[PDB]
Every structure is written in C-alpha cells, then in structure tokens.
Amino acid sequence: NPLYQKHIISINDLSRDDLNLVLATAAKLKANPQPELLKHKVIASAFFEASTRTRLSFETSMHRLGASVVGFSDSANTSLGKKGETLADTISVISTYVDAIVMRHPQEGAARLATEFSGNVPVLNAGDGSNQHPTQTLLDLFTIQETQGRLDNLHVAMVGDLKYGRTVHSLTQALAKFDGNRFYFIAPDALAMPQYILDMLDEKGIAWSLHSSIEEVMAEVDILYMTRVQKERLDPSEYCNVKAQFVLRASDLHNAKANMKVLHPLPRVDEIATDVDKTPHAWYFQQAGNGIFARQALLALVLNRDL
C-alpha cells in the first residue's frame, strides 16, 4: 500500500500504479462495503471556501467507513476568521487532534503549505484555489473507466474555464500518465489551458489541439468534460468571460458517438442546458455519485496500511 499515510496534494505526486490502486479499491468497495474499516479514526473536514459535493461526499465516505468527523465549512467562526490566527498555526493545532486533514482553501499552494505544519498527519487536498483537485480526478477516472472500460487511447475534450479549472489541471495530468490519450481543449482565449500543462503534454509526446466550438469535436470524443467559469477566481480583466462561451444543448449531441459521456465536476451554471439531463450521454450525476467510492477508497488506503 504505497498510499498509506501519503499526503494527497497534486496528481503530479501520484504514479499511474497509485491511481490504479485507488480505482481498484473503489470498485471493490462499491461491490463490498466495509462499514468499520476506519472505526476509531477522527478526521478533520477543513473547508476554507464553499463546497457542496466535495465536503459532503468526503464526510459521507468517512461515515460509511466508520470514521468520525470534526471541522468547519467556512473560516468565519474559526480563530483564523475572527482572532487573526495564521493558517499555519491553525493546521498545527488541528494536526494534534485528528488522524487526517481534508482541506479546501482559496489560495494556490495552501494544501502543500499545510503539509509543512501537519507533522505526521496526512493532508488530503480538496482543492487549492485554481491549482489542484486530486480527489475530483480520482472520481473522474473511476467514472471514465466505468463508462469506457479503460483509461488509455481515449479522445477527451475539455471545455470552458481551463485556466482556473483545478479540475482539468489534475485530470489532464492524470490522463497523461496513460498511453495514447488525445486531448481537445475548447476555451475562451483568456481562460485557455495553462502553458505548464501544455508543456508537460509536449514532453510526453501527447497529441492535443485547440478548437473554437464543441461542434467541431463532437463526433470524435469519448468524453466531453464541461466546466464552470471560475467566477470567484477571475481577475477583473477577465470578467467578460463570466458567461459560458460554450453552452451544451441536447441538440448539440446529434452526432455524438453511442459511448460518449458528458462529464461535469459540478456545480454547473449556464454551460449545460437541462435538456441534456435526459439524454443517455448525461453522466455528471452518476459521476458525482462515484465520489463516494473514490473517496472511500482514498481514505481507506491512506489510513489503513493493510490492503
């Protein structure tokens, strides 16, 4: 168990074998629950910015494995919020209480920074600004493997705010660990996929391309990964991109392949019309449900050495 007590900060820190281990464990737990695997563990749920899916799915997963939970959903009633306490001190103190810390924070690098102050307590990154979202990627991969039967040789389009989308940074890096995947990036110029991601793809000799509409790749993709504009992260010089520039409607799916799935880490705003919800391609709610198995798997592996 390479994941035992491992900090889970960036997909960059995980190997393909690490990913495969989590996915296999998640599949096993989906089939055979272990209500007491983490009995007598107490885990911190430390959310410094808003969340519905990530926090509630993480906490549910903790309880499904028998662990207890303490924490907060915003910093306003913490001593950090009201008394001037630093994040470093906050983590140091919490790490004397709990067996693991799940943390979401608006600043890039906050989770990595937390590991410097958490002593021997594993930190799991539930999102650090626009940087990384490794556990979203674990459930995304689980979902892709479940619907496509594999994680290699896929055609994957990512649409929307790729600049600020921590979801796509992690997912692109993860898929780049498998053979022969092909990427299509569709974003406003201002919210393009960051150069550092593209450079990584080039170093690996991975094929990718840019496009100005969903329509021009619709016939070719196995996975259409839609994203929300990260409104709360935008620089003022980017506010013209607040409205979704690419909106998916049911009619846009006319030439989609039979195996194609529309994914979306959620929440969605204007980028997916609700009429998509009724097509066989809509898979974002199934995807969200898979967060339970992916996160149970990760918690079990990080907190229980014996496989």
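Numbering starts at 1 and runs along the sequence shown.
S.K.: State which stretch shows the higher mean Cα B factor in the entry: 135-143 or 73-81.
M.R.: Taking the mean B-factor of the alpha carbons in each, 73-81 is higher.
S.K.: Going by the B-factors listed in the PDB entry, is the mean over the C-alpha atoms higher for 57-65 or for 275-283?
M.R.: Comparing averages over the C-alpha atoms only gives 275-283.
S.K.: Out of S237, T167, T115, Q148, which shows the largest CA B-factor listed in the entry?
M.R.: Among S237, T167, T115, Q148, the PDB entry lists the largest C-alpha B-factor for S237.
S.K.: Out of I206, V93, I223, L175, which one has a C-alpha B factor higher than all the others in the entry?
M.R.: Within the set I206, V93, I223, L175, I206 shows the top C-alpha B-factor.
S.K.: Lowest, middle or highest third: where is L210 by Cα B-factor in its chain?
M.R.: Within its chain, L210 is a highest-third residue by C-alpha B-factor, going by the deposited values.
S.K.: Hey, what third does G127 fall into on Cα B-factor, ranked over its chain?
M.R.: Lowest third, going by the recorded CA B-factors of the chain.
S.K.: Divide the modelled residues of the chain into thirds by Cα B-factor and specify which third, lowest, middle or highest, holds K231.
M.R.: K231: CA B-factor falls in the highest third of its chain.
S.K.: Lowest, middle or highest third: where is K257 by Cα B-factor in its chain?
M.R.: Middle third.
S.K.: Ranked by Cα temperature factor within the chain, is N12 in the lowest third, the middle third or the highest third?
M.R.: It belongs to the highest third of the chain when residues are ordered by C-alpha B-factor.
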